[PDB]
Amino acid sequence: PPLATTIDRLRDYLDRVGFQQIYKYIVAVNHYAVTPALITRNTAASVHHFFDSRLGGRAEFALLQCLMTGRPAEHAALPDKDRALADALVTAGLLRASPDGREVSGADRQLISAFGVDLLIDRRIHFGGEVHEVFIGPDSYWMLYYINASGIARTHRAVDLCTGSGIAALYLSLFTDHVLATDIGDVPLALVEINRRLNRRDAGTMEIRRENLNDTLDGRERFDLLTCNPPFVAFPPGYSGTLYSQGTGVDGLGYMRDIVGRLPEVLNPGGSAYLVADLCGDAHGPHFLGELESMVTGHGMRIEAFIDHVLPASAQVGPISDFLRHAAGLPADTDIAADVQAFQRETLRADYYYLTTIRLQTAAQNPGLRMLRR
Ligand SMILES: Nc1ncnc2c1ncn2[C@@H]1O[C@H](CSCC[C@H](N)C(=O)O)[C@@H](O)[C@H]1O
Ligand SMILES: [Ca+2]
Ligand code: NA
Ligand code: NA
């Protein structure tokens with residue numbers, strides 16, 4: 001109950017000072033829907049300069065910067081209404097106080113706006129040097145980009161599987177009054193609870209459920225609209241990843257297979273699913289799309305694949321190895337890169353990675369697979 005009141009007061013503050021408009025102005029309309037990695041350790045100094053020089057350092061924006069970049073604000077310099085909120089946020093662990101109590105600064109949550117929603121995310125993904133516990137990324141944004149929002153009815157039943165911060169569920173909640181959001185991690189489940197309240201939603205229009213993906217998929221509930229950005233990264237045998245990163249199956253795509261295979265049953269006829277994954281492939285395209293011809297022929301589906309980023313597998317060796325080394329606390333003499341290269345070649349057959357959003361529709365009047373590449 002005190003946390004809920006604190007989040008209500010945070011929403012009041014964000015409304016009072018026009019947070020979403022400020023964020024939107026800073027990042028601009030040609031970046032707002034590209035990626036959440038806009039305000040980061042590398043751009044924070046320029047954000048601070050904007051507040052200082054273009055917004056005049058006004059005290060009403062001091063608490064906002066604590067939330068947005070982690071910048072310290074002197075406690076006595078906060079406006080009276082903001083000061084009590086700051087204290088409540090410190091009590092909730094959503095901001096820090098300095099040891100002498102004379103200032104407030106960032107904790108592990110960063111405030112952004114995405115797709116018209118206000119969102120706390122894990123600050124560690126864009127700042128600092130400790131591994132994050134809640135994922136968000138450009139792939140999250142691109143799977144939402146392709147949803148045709150004008151086709152969503154207020155009565156449509158929607159589900160966001162593997163919800164994380166809640167971003168896709170909260171986006172869907174802009175249009176339909178029936179959204180289910182699922183996860184199994186303690187940390188993302190607590191965060192989507194906060195973000196639901198931060199956007200004036202509650203259990204009356206969006207249910208948050210602790211439930212395994214495959215349990216929701218086997219269930220009897222039927223949906224008109226489904227979104228899922230599942231764990232999809234394949235790591236070599238013997239390496240531990242994280243809950244949000246490591247996909248199941250030999251090639252990391254087991255959860256994608258699980259979802260697609262149940263779509264004819266879990267979607268109402270004519271319903272649509274939107275998935276996103278970084279898919280291994282050869283020069284012609286992602287391997288996974290070949291598995292989907294069985295859903296065109298077997299179920300009369302229309303399947304559209306939007307390839308928005310292409311990288312050679314060699315360009316992912318470092319990022320994968322860095323992530324594995326950081327996540328498990330491994331030392332610097334381990335030849336992780338060779339293990340990743342061998343796995344890409346022998347198991348994944350990955351010459352390239354294709355960041356792909358996939359729309360799948362049942363009972364299609366124009367069934368077929370369509371792959372869009374630039
Ligand atoms: N078996 C499973 N069932 C349900 N959720 C799972 C799961 N395995 C992992 N997860 C959750 O899957 C999420 C993948 S990250 C995607 C988060 C969010 N939908 C976004 O697009 O940004 C993580 O939050 C993780 O906790
Ligand atoms: Ca800018
Ligand atoms: Na700084
Ligand atoms: Na994912």
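The values are calculated or read from the model by the stated rules, or taken from the named source; nothing here is a laboratory result. Note: ideal-geometry Cβ built from the backbone for every residue, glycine included; neighbour counts use all protein chains shown.
Tally the residues that are buried (at least 21 other Cβ atoms within 10 Å of the Cβ) and not in a strand (DSSP E or B), restricting the search to segment 268-291.
Total satisfying the criteria: 1.
Can you name the condition, by its number, that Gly57 falls short on among (1) closer than 19 Å to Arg123 by Cα; (2) away from ligand 2 (no atom under 16 Å from the Cβ)?
Of (1) closer than 19 Å to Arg123 by Cα; (2) away from ligand 2 (no atom under 16 Å from the Cβ), only one is false for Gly57: (1).
From the list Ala283, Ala273, which one is closer than 16 Å to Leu348 by Cα and touching a strand residue (DSSP E or B) at 6+ places or on another chain (Cβ under 8 Å)? Talk me through it step by step, then tell me what you get.
Values: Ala273 fails: closer than 16 Å to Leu348 by Cα.
After applying the criteria, what remains is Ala283.
Any idea which of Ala363, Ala328 is among the small types (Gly, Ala, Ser) and either under 18 Å from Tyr274 (Cα atoms) or crowded, with 17+ Cβ neighbours inside 10 Å (or both)? Show your work before the answer.
Numbers: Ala328 fails: either under 18 Å from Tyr274 (Cα atoms) or crowded, with 17+ Cβ neighbours inside 10 Å (or both).
Selected residue: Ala363, the only one of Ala363, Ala328 that is among the small types (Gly, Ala, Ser) and either under 18 Å from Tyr274 (Cα atoms) or crowded, with 17+ Cβ neighbours inside 10 Å (or both).
Over 20 Å from the mean Cα position of the chain (by Cα) and away from ligand 3 (no atom under 16 Å from the Cβ) - does that describe any residue in segment 29-49? Before the answer, list the steps.
Of all residues in segment 29-49, those over 20 Å from the mean Cα position of the chain (by Cα) come to 42-49.
Remaining after also requiring away from ligand 3 (no atom under 16 Å from the Cβ): none.
Within segment 29-49 (the criterion being over 20 Å from the mean Cα position of the chain (by Cα) and away from ligand 3 (no atom under 16 Å from the Cβ)), the answer is no, since none of the residues qualifies.
Need pairs with beta-carbon distance below 8 Å; first residue farther than 18 Å from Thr248 by Cα and within segment 213-233, second aliphatic (A, V, I, L, M) and in a loop (DSSP other than H, G, I, E, B); sequence gap 6+ or separate chains.
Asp224/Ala153; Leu225/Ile147; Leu225/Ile152; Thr227/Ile147
Residues in segment 100-113: is at least one assigned by TED's automatic domain parsing to the domain that holds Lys24, away from ligand 1 (no atom under 15 Å from the Cβ) and assigned to a helix (DSSP H, G or I)?
no
Name the single residue that is farthest from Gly252 (Cα to Cα) among those in segment 332-349 being assigned to a helix (DSSP H, G or I) and either among the β-branched types (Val, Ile, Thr) or not assigned by TED's automatic domain parsing to the domain that holds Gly252 (or both).
The initial filter retains those residues of segment 332-349 that are assigned to a helix (DSSP H, G or I), namely 336-348.
Remaining after also requiring either among the β-branched types (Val, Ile, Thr) or not assigned by TED's automatic domain parsing to the domain that holds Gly252 (or both): 336, 340, 347.
On the way: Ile336: 18, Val340: 13, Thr347: 10 Å.
Among those that are assigned to a helix (DSSP H, G or I) and either among the β-branched types (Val, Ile, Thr) or not assigned by TED's automatic domain parsing to the domain that holds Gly252 (or both), it is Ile336.
Looking at segment 232-242, can you tell me whether even one residue there is under 25 Å from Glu346 (Cβ atoms), within 16 Å of ligand 4 (Cβ to nearest atom) and not in a loop (DSSP other than H, G, I, E, B)?
Filtering segment 232-242 down to residues under 25 Å from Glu346 (Cβ atoms) leaves 232-242.
In the following step, the residues that additionally are within 16 Å of ligand 4 (Cβ to nearest atom) were identified as 232-235, 241-242.
Going one step further and asking which of them are not in a loop (DSSP other than H, G, I, E, B), we end up with 233.
Yes, segment 232-242 contains a residue that is under 25 Å from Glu346 (Cβ atoms), within 16 Å of ligand 4 (Cβ to nearest atom) and not in a loop (DSSP other than H, G, I, E, B).
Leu180 - would you say it is farther than 19 Å from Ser113 by Cβ and in contact with an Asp or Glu (Cβ under 7 Å, 6 or more places away or on another chain)? Explain how you work it out, then say what you get.
Details: farther than 19 Å from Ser113 by Cβ: yes; in contact with an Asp or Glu (Cβ under 7 Å, 6 or more places away or on another chain): yes.
Considered against the rule, which asks whether it is farther than 19 Å from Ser113 by Cβ and in contact with an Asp or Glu (Cβ under 7 Å, 6 or more places away or on another chain), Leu180 comes out as yes.
Out of all the residues in segment 145-196, which are in a loop (DSSP other than H, G, I, E, B), among the hydroxyl-bearing types (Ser, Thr, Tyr) and under 25 Å from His132 (Cα atoms)?
Filtering segment 145-196 for residues in a loop (DSSP other than H, G, I, E, B) gives 146-148, 152-156, 162-166, 174-177, 184-185.
Among the residues that remain, those that are also among the hydroxyl-bearing types (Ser, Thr, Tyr) are: 146, 155, 163, 165, 176.
Matches in segment 145-196: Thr163, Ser165.
Among the residues of segment 56-99, how many are in contact (Cβ under 8 Å) with a residue 24 or more places away in the chain and part of a loop (DSSP other than H, G, I, E, B)?
The number of residues fulfilling the criteria is 8.
Count, please, the residues in segment 197-206 that happen to be free of Cβ contacts under 8 Å to residues at least 24 places away in the same chain and not in a loop (DSSP other than H, G, I, E, B).
Counting residues in segment 197-206 that are free of Cβ contacts under 8 Å to residues at least 24 places away in the same chain and not in a loop (DSSP other than H, G, I, E, B) gives 0.
Need the failing condition index for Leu95 against (1) closer than 19 Å to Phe127 by Cβ; (2) more than 16 Å from ligand 2 (Cβ to nearest atom); (3) over 27 Å from the mean Cα position of the chain (by Cα), just the number.
Single failed check for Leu95: (3).
Mind checking which pairs have a first residue in segment 21-36 that is farther than 17 Å from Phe50 by Cα and among the small types (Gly, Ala, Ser) and a second that is part of a loop (DSSP other than H, G, I, E, B) and more than 16 Å from ligand 4 (Cβ to nearest atom), Cβ under 8 Å, 6 or more apart or different chains?
The qualifying pairs are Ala33/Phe115.
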